[PDB]
Every structure is written in C-alpha cells, then in structure tokens.
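Visitor: Provided herewith is a single structure, encoded as structure tokens, for subsequent inquiry.
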Amino acid sequence: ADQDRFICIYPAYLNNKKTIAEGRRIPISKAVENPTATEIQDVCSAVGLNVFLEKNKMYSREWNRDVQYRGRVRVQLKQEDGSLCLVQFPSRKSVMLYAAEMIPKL
RNA sequence: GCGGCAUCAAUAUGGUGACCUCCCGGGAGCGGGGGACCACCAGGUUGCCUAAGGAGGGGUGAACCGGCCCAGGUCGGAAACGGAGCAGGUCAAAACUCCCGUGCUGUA
Ligand SMILES: [K+]
Ligand SMILES: [Mg+2]
C-alpha cells in the first residue's frame with residue numbers, strides 16, 4: 001500500500017507506435033497512438049483507482065526526450081492488507097488494457 | 001578470351017537478426033518461459049528439358065536505417081546493477097555495390 005510499492009505504467013507500454021523491444025506491452029489490436037502519462041492517470045483515477053504522476057521520470061527504452069513522450073504513472077492495486085482496490089484490476093496487465101481502451105474516448 | 005548473352009531450386013541439421021502473439025514473476029531498470037512469422041548464414045544431400053547454377057575474394061554500412069563490443073555521457077535505481085545507445089573497435093550472416101572466375105552464343 002506504500003506509494004513505494006505502487007506499480008508502474010510507462011506510456012511506452014501502450015504505444016501502438018512502438019515495437020515489442022521499444023517496450024510495447026499490449027497487442028497492437030489494443031495498443032494506442034502516442035498516449036501520454038497524463039492521459040493514463042486521467043483514466044485510471046476516474047475509475048476509482050489510486051494513482052499519481054511522476055511527470056519527470058523517463059522510460060529507459062526511449063531515446064526521444066520530448067515531453068509528450070515522458071512521465072510515469074503509479075497505481076496501487078492491493079490494499080496494504082492484501083485486497084485489490086478494485087476486483088477489476090488484478091494484473092498490471094488489466095490496468096494496461098483498460099487505460100488502452102478508455103483513452104481513445106476522453 | 002574480340003565483340004553477345006546468360007549463370008539455379010528445392011530438401012535436413014546447427015547459427016545470426018528482426019517482428020508478432022501469449023503466459024509466470026516483480027515497486028523500477030526487469031527475471032522467467034510457449035508458440036508464429038520474416039531475412040541472412042554454415043557448411044551436408046538433392047535434384048531440372050542448365051545454355052552453364054562455384055554455395056569465390058573485396059568494399060559501403062556512412063545525418064538512425066545492419067549484427068556484435070560498447071569508453072564517455074544518459075535514463076531506471078537508496079545501491080548492486082540494469083536498460084537504450086554515440087564515439088571508437090569489430091563482421092560467416094540487413095540492404096546496396098565492386099573482382100573473379102565459370103556456362104552457353106556470336107557474327108563481320
Ligand atoms: K555508475
Ligand atoms: Mg517466446
């Protein structure tokens with residue numbers, strides 16, 4: 001439950017524009033074009049998740065130093081005790097697929 | 001060796017590299033492992049109604065387009081470390097180009 005134990009979401013995980021080795025985490029059929037951390041958190045937060053922005057972190061695998069291309073997003077799943085904060089997001093993978101599907105909407 | 005033209009394919013085994021798609025593990029950088037597909041390679045067969053199909057020797061690789069190894073610096077990290085990768089070094093294997101040889105064909 002300690003922020004230090006929040007999981008990580010780098011936009012690169014979600015970027016349909018990046019190869020596996022550039023860091024893509026979800027299938028292109030679900031991936032998305034150039035999502036930004038902000039977005040990522042902006043969807044998560046408004047789902048009842050606990051999540052904050054590290055606007056300044058920078059994914060390793062990302063030579064470009066442009067902003068649109070940076071920031072990390074921290075999301076708490078389980079409750080210090082051990083329960084997920086929302087039955088619907090067990091896996092980090094679950095989060096990723098969700099974020100990936102709601103952003104197209106904002 | 002004067003001028004012309006033209007020079008494999010498909011099979012097995014073991015590399016190299018991309019890419020896609022799934023799990024398991026993790027607070028990052030990540031660890032673990034299953035499939036699919038492409039390109040290139042090694043040297044071993046196989047073959048066609050080849051005119052011949054050696055699987056030859058070089059060079060470029062460079063303002064991102066190659067593979068490796070990567071000083072620095074940079075990003076993740078409390079650190080250990082790890083990633084991405086420039087310079088430089090380097091090469092059985094991105095791609096593009098040079099030398100041959102070799103086979104048929106040739107006519108004044
Ligand atoms: K160091
Ligand atoms: Mg695999």
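Ligands are numbered from 1 in the order shown, residues from 1 within each chain, and chains are lettered A, B, ... in the order they appear in the structure tokens.
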Quick one: residues within 8 Å of range 63-74 of chain B, only C-alpha atoms (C1' of nucleotides) counted, chain neighbours fewer than 6 positions away excluded, as a PyMOL selection string?
Guide: chain B and resi 16-17+89-91+94
Visitor: Can you check which residues of range 3-89 of chain A DSSP gives as alpha helix (DSSP H) on the backbone and send them as a list in words?
Guide: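 Alpha helix (DSSP H) assignments inside range 3-89 of chain A correspond to residues 37, 38, 39, 40, 41, 42, 43, 44 and 45 of chain A.
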Visitor: For residue 18 in chain B, please output as a list in words all residues within 12 Å (counting only C-alpha atoms (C1' of nucleotides); exclusion window: fewer than 4 positions along the same chain).
Guide: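 These residues fall inside the cut-off: residues 19, 20 and 21 of chain A; 37, 38, 39, 40, 66, 67 and 94 of chain B.
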Visitor: Quick one: which residues from chain B are at most 12 Å off chain A, using only C-alpha atoms (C1' of nucleotides), as a PDB file with C-alpha atoms (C1' of nucleotides), in the first residue's frame?
Guide:
```pdb
ATOM      1  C1'   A B  18      14.138  -8.569 -36.814  1.00  0.00           C
ATOM      2  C1'   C B  19       8.905  -8.813 -35.624  1.00  0.00           C
ATOM      3  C1'   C B  20       4.277 -10.554 -33.576  1.00  0.00           C
ATOM      4  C1'   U B  21       1.461 -13.202 -30.130  1.00  0.00           C
ATOM      5  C1'   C B  22       0.766 -15.484 -25.375  1.00  0.00           C
ATOM      6  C1'   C B  23       1.627 -16.840 -20.259  1.00  0.00           C
ATOM      7  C1'   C B  24       4.656 -16.611 -14.665  1.00  0.00           C
ATOM      8  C1'   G B  25       7.478 -13.428 -11.544  1.00  0.00           C
ATOM      9  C1'   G B  26       8.478  -8.376  -9.872  1.00  0.00           C
ATOM     10  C1'   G B  27       7.930  -1.341  -6.518  1.00  0.00           C
ATOM     11  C1'   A B  28      11.563   0.286 -11.472  1.00  0.00           C
ATOM     12  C1'   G B  29      15.691  -0.809 -14.928  1.00  0.00           C
ATOM     13  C1'   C B  30      13.412  -6.089 -15.359  1.00  0.00           C
ATOM     14  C1'   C B  64      19.255   6.336 -37.422  1.00  0.00           C
ATOM     15  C1'   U B  74      22.020   9.402 -20.431  1.00  0.00           C
ATOM     16  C1'   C B  75      17.733   7.062 -18.481  1.00  0.00           C
ATOM     17  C1'   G B  76      15.574   3.283 -14.081  1.00  0.00           C
ATOM     18  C1'   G B  77      17.750   2.627  -9.386  1.00  0.00           C
ATOM     19  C1'   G B  82      20.386  -2.979 -15.398  1.00  0.00           C
ATOM     20  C1'   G B  83      18.428  -0.619 -19.961  1.00  0.00           C
ATOM     21  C1'   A B  84      18.724   2.345 -24.534  1.00  0.00           C
ATOM     22  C1'   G B  85      22.717   3.540 -27.222  1.00  0.00           C
ATOM     23  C1'   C B  86      27.001   7.760 -29.598  1.00  0.00           C
TER      24        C B  86
END
```
Visitor: Please extract the residues at most 8 Å from ligand 2, counting only C-alpha atoms (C1' of nucleotides) and all ligand atoms, and provide them as a PyMOL selection string, using the chain letters and residue numbers of this document.
Guide: chain B and resi 33-35
Visitor: Go ahead and write the selection's residues with C-alpha atoms (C1' of nucleotides) as a PDB file, in the first residue's frame.
Guide:
```
ATOM      1  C1'   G B  33       9.298 -19.443 -20.487  1.00  0.00           C
ATOM      2  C1'   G B  34       5.448 -21.346 -25.064  1.00  0.00           C
ATOM      3  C1'   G B  35       4.255 -20.542 -29.772  1.00  0.00           C
TER       4        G B  35
END
```
Visitor: Please measure the separation of CA of residue 55 in chain A and CA of residue 70 in chain A, giving the value in Å to one decimal.
Guide: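 It comes out at 6.9 Å.
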Visitor: With only C-alpha atoms (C1' of nucleotides) and all ligand atoms as the atoms that count, which of B:53, B:81, B:14, B:3 lies nearest to ligand 1?
Guide: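 Nearest candidate to ligand 1 out of B:53, B:81, B:14, B:3: B:81.
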Visitor: Find the spatial neighbours of range 84-98 of chain A, counting only C-alpha atoms (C1' of nucleotides), within a cut-off of 10 Å - ignore same-chain residues fewer than 5 positions away - and output them as a list in words.
Guide: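 Those residues are residues 1, 7, 8, 9, 10, 11, 13, 14, 25, 26, 27, 30, 31, 40, 43, 44, 47, 48, 49, 50, 75, 76, 77, 78, 79 and 103 of chain A.
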Visitor: Generate the output file for the selected residues, N, CA and C atoms, as a PDB file, in the first residue's frame.
Guide:
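Result file follows (part-v8.pdb):
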```
ATOM      1  N   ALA A   1       0.840  -1.237   0.000  1.00  0.00           N
ATOM      2  CA  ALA A   1       0.000   0.000   0.000  1.00  0.00           C
ATOM      3  C   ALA A   1       0.857   1.262   0.000  1.00  0.00           C
ATOM      4  N   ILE A   7       2.516   0.073  -8.540  1.00  0.00           N
ATOM      5  CA  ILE A   7       3.062  -0.465  -9.776  1.00  0.00           C
ATOM      6  C   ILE A   7       3.278   0.662 -10.758  1.00  0.00           C
ATOM      7  N   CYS A   8       4.004   0.353 -11.826  1.00  0.00           N
ATOM      8  CA  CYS A   8       4.387   1.356 -12.802  1.00  0.00           C
ATOM      9  C   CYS A   8       3.700   1.165 -14.148  1.00  0.00           C
ATOM     10  N   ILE A   9       3.293   2.283 -14.730  1.00  0.00           N
ATOM     11  CA  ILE A   9       2.787   2.328 -16.091  1.00  0.00           C
ATOM     12  C   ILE A   9       3.617   3.382 -16.837  1.00  0.00           C
ATOM     13  N   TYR A  10       4.440   2.954 -17.796  1.00  0.00           N
ATOM     14  CA  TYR A  10       5.082   3.903 -18.695  1.00  0.00           C
ATOM     15  C   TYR A  10       4.249   3.939 -19.954  1.00  0.00           C
ATOM     16  N   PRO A  11       3.997   5.132 -20.497  1.00  0.00           N
ATOM     17  CA  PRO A  11       3.202   5.175 -21.713  1.00  0.00           C
ATOM     18  C   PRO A  11       3.709   4.192 -22.780  1.00  0.00           C
ATOM     19  N   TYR A  13       4.539   1.362 -22.764  1.00  0.00           N
ATOM     20  CA  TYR A  13       3.834   0.081 -22.653  1.00  0.00           C
ATOM     21  C   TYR A  13       2.675   0.016 -23.634  1.00  0.00           C
ATOM     22  N   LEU A  14       2.014   1.159 -23.818  1.00  0.00           N
ATOM     23  CA  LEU A  14       0.739   1.258 -24.525  1.00  0.00           C
ATOM     24  C   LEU A  14       0.844   1.722 -25.967  1.00  0.00           C
ATOM     25  N   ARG A  25       3.632  -3.255 -24.494  1.00  0.00           N
ATOM     26  CA  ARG A  25       3.190  -4.260 -23.535  1.00  0.00           C
ATOM     27  C   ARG A  25       1.907  -4.969 -23.927  1.00  0.00           C
ATOM     28  N   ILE A  26       1.109  -4.327 -24.768  1.00  0.00           N
ATOM     29  CA  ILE A  26      -0.180  -4.874 -25.143  1.00  0.00           C
ATOM     30  C   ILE A  26      -0.279  -5.055 -26.661  1.00  0.00           C
ATOM     31  N   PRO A  27      -1.193  -5.928 -27.120  1.00  0.00           N
ATOM     32  CA  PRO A  27      -1.269  -6.205 -28.547  1.00  0.00           C
ATOM     33  C   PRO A  27      -1.712  -4.975 -29.315  1.00  0.00           C
ATOM     34  N   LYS A  30      -4.959  -3.699 -29.533  1.00  0.00           N
ATOM     35  CA  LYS A  30      -5.430  -2.844 -28.459  1.00  0.00           C
ATOM     36  C   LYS A  30      -4.562  -1.637 -28.178  1.00  0.00           C
ATOM     37  N   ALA A  31      -3.288  -1.698 -28.531  1.00  0.00           N
ATOM     38  CA  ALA A  31      -2.391  -0.566 -28.303  1.00  0.00           C
ATOM     39  C   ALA A  31      -2.947   0.746 -28.852  1.00  0.00           C
ATOM     40  N   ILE A  40      -3.020   8.465 -19.255  1.00  0.00           N
ATOM     41  CA  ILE A  40      -3.007   7.232 -18.484  1.00  0.00           C
ATOM     42  C   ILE A  40      -3.554   7.371 -17.065  1.00  0.00           C
ATOM     43  N   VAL A  43      -7.337   8.449 -16.830  1.00  0.00           N
ATOM     44  CA  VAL A  43      -8.357   7.440 -16.993  1.00  0.00           C
ATOM     45  C   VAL A  43      -8.421   6.646 -15.706  1.00  0.00           C
ATOM     46  N   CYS A  44      -7.259   6.242 -15.203  1.00  0.00           N
ATOM     47  CA  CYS A  44      -7.203   5.386 -14.027  1.00  0.00           C
ATOM     48  C   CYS A  44      -7.898   6.024 -12.849  1.00  0.00           C
ATOM     49  N   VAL A  47     -11.609   5.970 -12.237  1.00  0.00           N
ATOM     50  CA  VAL A  47     -12.136   4.621 -12.270  1.00  0.00           C
ATOM     51  C   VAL A  47     -12.172   4.124 -10.843  1.00  0.00           C
ATOM     52  N   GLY A  48     -11.746   4.994  -9.937  1.00  0.00           N
ATOM     53  CA  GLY A  48     -11.709   4.663  -8.526  1.00  0.00           C
ATOM     54  C   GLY A  48     -10.376   4.062  -8.137  1.00  0.00           C
ATOM     55  N   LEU A  49      -9.421   4.081  -9.055  1.00  0.00           N
ATOM     56  CA  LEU A  49      -8.092   3.599  -8.727  1.00  0.00           C
ATOM     57  C   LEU A  49      -7.282   4.654  -7.971  1.00  0.00           C
ATOM     58  N   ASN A  50      -6.280   4.194  -7.223  1.00  0.00           N
ATOM     59  CA  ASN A  50      -5.319   5.105  -6.601  1.00  0.00           C
ATOM     60  C   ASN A  50      -4.090   5.281  -7.474  1.00  0.00           C
ATOM     61  N   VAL A  75       0.243   3.193  -9.893  1.00  0.00           N
ATOM     62  CA  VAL A  75      -1.079   2.741  -9.482  1.00  0.00           C
ATOM     63  C   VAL A  75      -1.068   1.634  -8.427  1.00  0.00           C
ATOM     64  N   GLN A  76      -1.773   1.893  -7.332  1.00  0.00           N
ATOM     65  CA  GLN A  76      -1.949   0.911  -6.282  1.00  0.00           C
ATOM     66  C   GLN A  76      -3.058  -0.068  -6.634  1.00  0.00           C
ATOM     67  N   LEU A  77      -2.726  -1.350  -6.620  1.00  0.00           N
ATOM     68  CA  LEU A  77      -3.721  -2.392  -6.785  1.00  0.00           C
ATOM     69  C   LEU A  77      -4.257  -2.830  -5.429  1.00  0.00           C
ATOM     70  N   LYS A  78      -3.447  -3.626  -4.736  1.00  0.00           N
ATOM     71  CA  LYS A  78      -3.838  -4.284  -3.495  1.00  0.00           C
ATOM     72  C   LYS A  78      -3.791  -3.344  -2.293  1.00  0.00           C
ATOM     73  N   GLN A  79      -4.473  -3.754  -1.229  1.00  0.00           N
ATOM     74  CA  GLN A  79      -4.607  -2.944  -0.028  1.00  0.00           C
ATOM     75  C   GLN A  79      -3.639  -3.434   1.040  1.00  0.00           C
ATOM     76  N   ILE A 103      -8.778   5.726 -23.240  1.00  0.00           N
ATOM     77  CA  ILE A 103      -8.099   6.952 -23.669  1.00  0.00           C
ATOM     78  C   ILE A 103      -8.652   7.473 -24.987  1.00  0.00           C
TER      79      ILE A 103
END
```
Visitor: Given the choices B:97, B:46, B:107, B:102, which gets closest to residue 2 in chain B if the distance is worked out from only C-alpha atoms (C1' of nucleotides)?
Guide: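 When distances to residue 2 in chain B are compared using only C-alpha atoms (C1' of nucleotides), the smallest one comes from B:107.
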Visitor: Using only C-alpha atoms (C1' of nucleotides), which residues sit within 10 Å of residue 99 in chain B once same-chain residues fewer than 5 positions away are excluded, as number ranges by chain?
Guide: B: 56-58
Visitor: Could the residues in this selection be written to a file with N, CA and C atoms (P, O5', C5', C4', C3', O3' and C1' of nucleotides), as a PDB file, in the first residue's frame?
Guide:
```pdb
ATOM      1  P     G B  56      30.663 -18.869 -51.370  1.00  0.00           P
ATOM      2  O5'   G B  56      31.903 -18.508 -52.323  1.00  0.00           O
ATOM      3  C5'   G B  56      32.871 -19.515 -52.676  1.00  0.00           C
ATOM      4  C4'   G B  56      34.242 -18.918 -52.966  1.00  0.00           C
ATOM      5  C3'   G B  56      34.523 -17.585 -52.279  1.00  0.00           C
ATOM      6  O3'   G B  56      35.328 -17.792 -51.129  1.00  0.00           O
ATOM      7  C1'   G B  56      34.977 -17.428 -54.636  1.00  0.00           C
ATOM      8  P     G B  57      35.594 -16.566 -50.143  1.00  0.00           P
ATOM      9  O5'   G B  57      36.403 -15.501 -51.018  1.00  0.00           O
ATOM     10  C5'   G B  57      37.812 -15.456 -50.882  1.00  0.00           C
ATOM     11  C4'   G B  57      38.394 -14.142 -51.366  1.00  0.00           C
ATOM     12  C3'   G B  57      37.938 -12.927 -50.587  1.00  0.00           C
ATOM     13  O3'   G B  57      38.973 -12.624 -49.694  1.00  0.00           O
ATOM     14  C1'   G B  57      37.570 -12.582 -52.915  1.00  0.00           C
ATOM     15  P     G B  58      38.709 -11.486 -48.613  1.00  0.00           P
ATOM     16  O5'   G B  58      38.196 -10.276 -49.539  1.00  0.00           O
ATOM     17  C5'   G B  58      37.841  -9.041 -48.929  1.00  0.00           C
ATOM     18  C4'   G B  58      37.859  -7.906 -49.928  1.00  0.00           C
ATOM     19  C3'   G B  58      37.074  -6.690 -49.482  1.00  0.00           C
ATOM     20  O3'   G B  58      37.916  -5.849 -48.756  1.00  0.00           O
ATOM     21  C1'   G B  58      36.563  -7.194 -51.732  1.00  0.00           C
TER      22        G B  58
END
```
Visitor: Using DSSP secondary structure from the backbone, list all strand (DSSP E or B) positions within chain A, as a list in words.
Guide: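 Strand (DSSP E or B) assignments inside chain A correspond to residues 7, 8, 9, 15, 32, 50, 51, 52, 53, 73, 74, 75, 76, 78, 79, 83 and 84 of chain A.
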Visitor: When you look at residue 7 in chain B with a cut-off of 12 Å (counting only C-alpha atoms (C1' of nucleotides)), what residues show up, excluding the ones that are within fewer than 3 positions of it in the same chain? I need them as a PDB file with C-alpha atoms (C1' of nucleotides), in the first residue's frame.
Guide:
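File produced: selection_3.pdb:
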```pdb
ATOM      1  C1'   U B  50      21.312 -25.524 -67.116  1.00  0.00           C
ATOM      2  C1'   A B  51      22.986 -22.885 -72.498  1.00  0.00           C
ATOM      3  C1'   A B  52      26.088 -23.257 -67.748  1.00  0.00           C
ATOM      4  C1'   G B  53      23.803 -22.674 -61.307  1.00  0.00           C
ATOM      5  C1'   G B  54      31.454 -22.306 -57.719  1.00  0.00           C
ATOM      6  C1'   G B 101      36.126 -16.931 -62.265  1.00  0.00           C
ATOM      7  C1'   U B 102      32.760 -20.324 -64.750  1.00  0.00           C
ATOM      8  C1'   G B 103      28.422 -21.777 -68.925  1.00  0.00           C
ATOM      9  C1'   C B 104      26.283 -21.256 -73.037  1.00  0.00           C
TER      10        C B 104
END
```
Visitor: Could you check how far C1' of residue 61 in chain B sits from CA of residue 64 in chain A, in Å to one decimal?
Guide: 23.9 Å
